[PDB]
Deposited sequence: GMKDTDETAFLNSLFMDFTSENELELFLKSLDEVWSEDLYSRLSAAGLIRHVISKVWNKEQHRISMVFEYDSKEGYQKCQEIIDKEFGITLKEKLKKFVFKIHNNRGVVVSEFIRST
């Protein structure tokens, strides 16, 4: 129903790599338990081959209320809870929030 296709751009490859090797601390099991129960269907994190030190994150929600409930959780998670923990990384976020027009899913 809803999907945020987000990109995180870092100032260096070393920053990107430390972040990727530190994922279980940022996107913890506890956080996923909460987001899961609030509407989160999937979350994929991938590298982006490039000039750019870019990370792609695609989030899929079962509804908009799902998206919003999870976003609040996420907004608080990084904007407040992990704020001081994430200052070691300088990065820029590009969000792409949208309603799903069509979807294909293999058997």
Which parts of the deposited chain sequence are absent from the coordinates, listed in sequence order?
-> 1-8, 59, 117
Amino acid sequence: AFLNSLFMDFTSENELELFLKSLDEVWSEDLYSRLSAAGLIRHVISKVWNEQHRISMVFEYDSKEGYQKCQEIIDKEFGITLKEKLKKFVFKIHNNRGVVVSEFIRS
From here on, numbers count along this sequence of modelled residues.
Look up the CA B-factors in the entry and say which stretch, 14-22 or 79-87, has the higher mean.
-> 79-87
Of the three thirds of its chain by CA temperature factor, lowest, middle or highest, which one includes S5?
-> highest
Within-chain third of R54 by Cα B-factor, per the entry = lowest
Check where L31 lands among this chain's C-alpha B-factors and tell me if it's the lowest, middle or highest third.
-> lowest
